[PDB]
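So the chains spell out like this:
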Amino acid sequence: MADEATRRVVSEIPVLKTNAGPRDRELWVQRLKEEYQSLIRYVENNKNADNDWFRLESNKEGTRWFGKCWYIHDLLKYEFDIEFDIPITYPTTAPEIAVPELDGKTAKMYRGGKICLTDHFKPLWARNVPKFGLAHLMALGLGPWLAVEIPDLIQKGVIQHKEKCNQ
Amino acid sequence: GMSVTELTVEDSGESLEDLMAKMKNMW
(Lines give C-alpha, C1' and ligand atoms only; values in the text may rest on other atoms or scores of the structure.)
Protein backbone atom coordinates (compact mmCIF):
# COMPACT_ATOMS: atom_id res chain seq x y z
CA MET A 1 0.00 0.00 0.00
CA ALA A 2 2.47 2.71 -1.20
CA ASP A 3 1.05 4.02 -4.50
CA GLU A 4 -2.41 4.36 -2.86
CA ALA A 5 -1.06 6.35 0.12
CA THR A 6 0.65 8.63 -2.42
CA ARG A 7 -2.56 9.05 -4.47
CA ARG A 8 -4.71 9.78 -1.35
CA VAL A 9 -2.30 12.40 -0.09
CA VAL A 10 -2.39 14.29 -3.43
CA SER A 11 -6.20 13.68 -3.54
CA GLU A 12 -6.55 15.58 -0.20
CA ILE A 13 -3.83 18.30 -0.67
CA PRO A 14 -5.13 21.23 -2.83
CA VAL A 15 -3.08 21.91 -5.99
CA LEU A 16 -1.13 25.09 -6.78
CA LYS A 17 -0.42 26.77 -10.17
CA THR A 18 2.64 29.10 -9.81
CA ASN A 19 6.18 27.57 -9.77
CA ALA A 20 8.33 30.73 -9.36
CA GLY A 21 11.58 31.18 -7.38
CA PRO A 22 12.58 33.60 -4.56
CA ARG A 23 14.83 35.50 -7.04
CA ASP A 24 11.86 37.74 -7.97
CA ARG A 25 10.30 39.56 -4.99
CA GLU A 26 6.78 39.77 -6.49
CA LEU A 27 6.75 36.37 -8.27
CA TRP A 28 7.84 34.88 -4.94
CA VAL A 29 4.96 36.55 -3.04
CA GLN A 30 2.53 34.94 -5.55
CA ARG A 31 4.12 31.43 -5.47
CA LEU A 32 4.63 31.58 -1.67
CA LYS A 33 1.00 32.64 -1.23
CA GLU A 34 -0.39 29.60 -3.05
CA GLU A 35 2.01 27.36 -1.11
CA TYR A 36 0.88 28.77 2.23
CA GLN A 37 -2.83 28.42 1.33
CA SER A 38 -2.33 24.79 0.24
CA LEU A 39 -0.19 23.87 3.28
CA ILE A 40 -2.45 25.76 5.79
CA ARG A 41 -5.51 23.94 4.32
CA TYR A 42 -3.64 20.61 4.65
CA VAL A 43 -2.48 21.15 8.28
CA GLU A 44 -5.86 22.70 9.29
CA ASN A 45 -7.60 19.50 8.04
CA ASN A 46 -4.91 17.16 9.35
CA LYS A 47 -4.62 18.73 12.84
CA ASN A 48 -8.44 19.17 13.13
CA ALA A 49 -8.82 15.42 12.43
CA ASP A 50 -6.49 14.87 15.46
CA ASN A 51 -4.00 13.33 12.99
CA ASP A 52 -1.16 15.86 13.50
CA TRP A 53 2.37 14.48 12.98
CA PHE A 54 4.28 17.63 11.84
CA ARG A 55 4.24 21.45 12.41
CA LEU A 56 5.93 23.84 9.91
CA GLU A 57 6.43 27.68 10.02
CA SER A 58 8.70 30.07 7.99
CA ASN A 59 10.29 33.55 8.09
CA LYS A 60 8.49 36.62 6.61
CA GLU A 61 10.77 36.16 3.53
CA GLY A 62 9.76 32.46 3.12
CA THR A 63 13.43 31.61 2.33
CA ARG A 64 14.02 29.38 5.37
CA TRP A 65 11.47 26.95 6.75
CA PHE A 66 11.55 25.27 10.17
CA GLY A 67 9.28 23.04 12.21
CA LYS A 68 9.03 19.92 14.36
CA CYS A 69 7.33 16.51 14.13
CA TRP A 70 6.15 13.95 16.72
CA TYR A 71 5.42 10.26 16.24
CA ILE A 72 3.69 7.70 18.47
CA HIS A 73 4.28 3.94 18.62
CA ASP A 74 4.18 1.17 21.28
CA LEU A 75 2.41 3.71 23.57
CA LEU A 76 5.58 5.92 23.47
CA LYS A 77 5.97 9.48 22.14
CA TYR A 78 8.96 11.00 20.29
CA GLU A 79 9.83 14.45 18.85
CA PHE A 80 12.15 15.66 16.05
CA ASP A 81 13.16 19.14 14.74
CA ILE A 82 13.49 20.22 11.05
CA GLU A 83 15.02 23.26 9.28
CA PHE A 84 15.70 23.83 5.55
CA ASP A 85 16.22 26.70 3.04
CA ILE A 86 14.87 26.95 -0.53
CA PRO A 87 17.42 27.19 -3.39
CA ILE A 88 17.31 30.45 -5.36
CA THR A 89 16.88 28.48 -8.62
CA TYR A 90 14.12 26.14 -7.20
CA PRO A 91 14.85 23.34 -9.76
CA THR A 92 12.61 20.42 -10.86
CA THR A 93 14.61 18.27 -8.37
CA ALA A 94 12.94 18.58 -4.94
CA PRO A 95 14.52 20.58 -2.02
CA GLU A 96 16.43 18.83 0.86
CA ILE A 97 15.27 18.74 4.53
CA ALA A 98 17.73 18.48 7.48
CA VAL A 99 16.92 17.12 10.97
CA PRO A 100 19.35 18.32 13.72
CA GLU A 101 17.68 15.93 16.23
CA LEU A 102 18.92 12.96 14.14
CA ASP A 103 22.17 14.62 12.89
CA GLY A 104 24.57 11.80 13.89
CA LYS A 105 21.93 9.07 14.55
CA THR A 106 21.25 8.40 10.85
CA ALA A 107 24.44 7.76 8.83
CA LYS A 108 25.90 10.55 6.67
CA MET A 109 24.04 9.85 3.40
CA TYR A 110 25.36 10.90 -0.05
CA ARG A 111 25.85 14.66 -0.71
CA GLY A 112 22.31 15.52 -1.75
CA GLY A 113 19.47 14.01 0.31
CA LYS A 114 20.70 13.39 3.89
CA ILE A 115 17.09 12.45 5.01
CA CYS A 116 15.30 12.88 1.64
CA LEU A 117 14.37 9.22 1.00
CA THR A 118 14.67 8.55 -2.75
CA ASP A 119 13.23 4.95 -2.99
CA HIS A 120 9.82 5.97 -4.40
CA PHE A 121 9.86 9.74 -3.67
CA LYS A 122 12.56 10.65 -6.26
CA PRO A 123 10.92 8.82 -9.22
CA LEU A 124 7.45 10.01 -8.01
CA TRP A 125 8.53 13.67 -7.87
CA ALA A 126 10.57 13.56 -11.10
CA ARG A 127 7.68 11.88 -13.04
CA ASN A 128 5.13 14.35 -11.55
CA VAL A 129 6.21 17.85 -10.47
CA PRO A 130 3.52 19.94 -12.25
CA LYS A 131 2.73 22.34 -9.36
CA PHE A 132 3.94 20.20 -6.39
CA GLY A 133 5.17 22.37 -3.48
CA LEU A 134 6.31 21.94 0.14
CA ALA A 135 2.94 20.46 1.31
CA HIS A 136 3.33 17.65 -1.27
CA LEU A 137 7.09 17.30 -0.42
CA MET A 138 6.49 16.75 3.29
CA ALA A 139 3.44 14.49 2.90
CA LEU A 140 5.17 12.29 0.22
CA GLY A 141 8.77 12.54 1.55
CA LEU A 142 9.03 13.51 5.24
CA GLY A 143 5.83 11.54 6.10
CA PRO A 144 6.85 8.17 4.56
CA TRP A 145 10.50 8.63 5.73
CA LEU A 146 9.32 8.97 9.37
CA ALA A 147 6.80 6.10 8.93
CA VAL A 148 9.67 3.89 7.59
CA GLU A 149 12.38 5.01 10.04
CA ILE A 150 10.35 4.94 13.31
CA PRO A 151 9.72 1.13 13.21
CA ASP A 152 13.17 0.31 11.80
CA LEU A 153 15.20 2.64 14.09
CA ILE A 154 13.24 1.34 17.11
CA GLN A 155 13.82 -2.37 16.26
CA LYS A 156 17.47 -1.62 15.30
CA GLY A 157 18.07 0.39 18.51
CA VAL A 158 18.83 4.04 17.62
CA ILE A 159 15.79 6.00 18.94
CA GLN A 160 14.10 5.83 22.38
CA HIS A 161 11.22 7.80 24.02
CA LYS A 162 11.75 11.01 26.03
CA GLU A 163 8.97 10.85 28.73
CA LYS A 164 11.49 9.08 31.02
CA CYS A 165 13.99 11.99 30.56
CA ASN A 166 11.50 14.25 32.42
CA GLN A 167 8.12 13.19 33.95
CA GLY B 1 -6.93 23.01 -20.45
CA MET B 2 -9.39 23.28 -17.55
CA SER B 3 -9.07 21.05 -14.48
CA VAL B 4 -12.38 21.73 -12.71
CA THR B 5 -12.48 18.30 -11.00
CA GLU B 6 -8.91 18.61 -9.61
CA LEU B 7 -8.43 20.29 -6.18
CA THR B 8 -7.27 23.98 -6.08
CA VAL B 9 -5.65 26.23 -3.40
CA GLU B 10 -7.87 28.31 -1.04
CA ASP B 11 -6.89 31.49 -2.95
CA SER B 12 -9.53 34.07 -1.98
CA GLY B 13 -7.40 37.25 -2.25
CA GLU B 14 -5.55 36.68 1.06
CA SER B 15 -2.24 38.54 1.69
CA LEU B 16 1.12 36.79 2.29
CA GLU B 17 1.68 38.37 5.72
CA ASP B 18 -1.74 37.13 6.89
CA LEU B 19 -1.11 33.65 5.39
CA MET B 20 2.23 33.15 7.19
CA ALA B 21 0.81 34.81 10.36
CA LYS B 22 -2.07 32.32 10.73
CA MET B 23 0.38 29.54 9.77
CA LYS B 24 3.02 30.17 12.51
CA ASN B 25 0.28 31.07 15.02
CA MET B 26 -1.56 27.72 14.46
CA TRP B 27 1.30 25.68 16.01
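Regarding how it was determined, this PDB entry cites solution NMR in its header.

Peer 1: What's the story with the packing of aromatic side chains in this structure? I'm lost.
Peer 2: The way to describe two aromatic rings as a pair is by their centre distance and the angle between their planes. Residue and element names in this part refer to chain A. The full count for this structure, using the stated rule, is eight aromatic pairs over all chains. Relative to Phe84, the ring of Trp65 has its centre 6.5 Å away and its plane inclined at 35 degrees; by these criteria the two rings are tilted. Linking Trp65 in strand β2 (residues 64-73) with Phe84 in strand β3 (residues 76-85), this pair joins segments that are 19 residues apart in sequence. Owing to a relative accessible area of 2%, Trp65 belongs among the buried residues under this scheme. Between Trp125 and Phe132, the ring centres sit 5.6 Å apart and the planes meet at 65 degrees, which makes this aromatic pair edge-to-face.

Peer 1: Looking at this structure, how should I read the sheet that holds β3 of chain A?
Peer 2: By definition, the strands of a sheet pair up through backbone hydrogen bonds, in either a parallel or an antiparallel sense. All names here are of chain A. Taken together, the three strands give an open sheet; going across it, the order is β1-β2-β3, and neighbouring strands pair in antiparallel fashion. Of all the strands in the sheet, the pair left with one neighbour each is β1 (54-58) and β3. Across the sheet, the axes of successive neighbouring strands diverge by a mean angle of 15 degrees, strand direction being ignored. By the bridge criterion, 10 bridges tie β2 to β3 in an arrangement that is antiparallel. Across the sheet, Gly67 pairs through a bridge with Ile82, a residue of β3. Most of the contacts of helix α2 (residues 25-48) go to β1, to which it runs at about 155 degrees, and overall it touches β1 and β2.

Peer 1: Sorry if this is basic, but what is going on with the side chain of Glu34 of chain A here?
Peer 2: Here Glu34 of chain A shows up in helix α2. For the buried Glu34 of chain A, no salt bridge is present, and the opposite-charge side chain at shortest range is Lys17 of chain A, 5.8 Å distant. Sequence-distant contacts of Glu34 of chain A, defined by excluding residues within four places in its chain, comprise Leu16, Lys17 and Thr18 of chain A together with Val9 of chain B.

Peer 1: Please explain the interface of chain B and chain A as it appears in this structure.
Peer 2: At the interface, 17 residues of chain B touch 27 residues of chain A. Taken together, both faces of the contact between chain B and chain A bury some 2100 Å²; the carbon and sulfur share is 71%. Of all residues in chain B, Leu7, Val9 and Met23 of chain B bury the most surface against chain A, accounting for 30% of the area lost on that side. Put simply, chain B and chain A have one salt bridge between them. As a salt-bridge pair, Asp11 of chain B and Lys33 of chain A come within 3.9 Å of each other at their nearest N and O atoms.

Peer 1: Sorry, what's going on with unusual backbone geometry here?
Peer 2: Negative phi values dominate among residues other than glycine, just as trans dominates among peptide bonds. Look at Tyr90 of chain A: it is not a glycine, yet its phi comes out positive at around 40 degrees. Relative to the helices and strands, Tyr90 of chain A is located in the loop between β3 and α3 (121-127). The phi dihedral of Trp27 of chain B falls on the positive side, at around 60 degrees, and the residue is not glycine.

Peer 1: How do you make sense of the UniProt feature "active site" in chain A when you look at a structure like this?
Peer 2: The UniProt record annotates "active site" at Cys116 of chain A. In this fold, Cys116 of chain A is placed in the loop between β3 and α3.

Peer 1: Help me understand the side chain of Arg55 of chain A in this model?
Peer 2: Within the fold, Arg55 of chain A resides in strand β1. Within the structure, the side chain of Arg55 of chain A is placed 3.3 Å from the side chain of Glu57 of chain A, a separation counted as a polar contact. Setting aside chain neighbours within four positions, we find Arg55 of chain A in contact with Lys47, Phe66, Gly67, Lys68 and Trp70 of chain A together with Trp27 of chain B.

Peer 1: It is not clear to me how the environment of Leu146 of chain A should be interpreted in this structure. Could you clarify?
Peer 2: Residues and elements named next belong to chain A. With respect to the secondary-structure elements, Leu146 resides in helix α4 (residues 134-156). Since its relative accessible area comes to 4%, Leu146 is described here as buried. For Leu146 and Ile115, which are 31 residues apart along the polypeptide, the C-alpha to C-alpha distance reads 9.6 Å. Apart from the residues lying within four places of it in its own chain, the contact partners of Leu146 are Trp53, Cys69, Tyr71, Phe80 and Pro151.

Cut-off values and rules
- Residues numbered from 1 in each chain as written, not as in the entry; some residues may be left out.
- Chains lettered and ligands numbered in written order.
- Heavy atoms only, no water.
- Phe/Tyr/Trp six-rings, centres within 6.5 Å; stacked < 30°, edge-to-face > 60°.
- Helix = DSSP H or I, 4+ residues; strand = E, 2+ residues; numbered from the N terminus.
- Buried < 20%, exposed > 50% of the residue type's maximum accessible area, 1.4 Å probe, protein only.
- Pairing = 2+ DSSP bridges.
- Axes fitted to C-alpha atoms, helices over the stretch in contact; angles between N-to-C directions.
- Contact = heavy atoms within 4.5 Å.
- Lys, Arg positive; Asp, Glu negative; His and termini not counted.
- Salt bridge = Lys/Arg side-chain N within 4 Å of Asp/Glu carboxyl O.
- Buried area = accessible area lost by both parts, 1.4 Å probe.
- UniProt positions renumbered as here; feature names shortened; annotations may be inferred.
- Polar contact = N/O pair within 3.5 Å; in protein donor to acceptor, adjacent residues only side chain to side chain.

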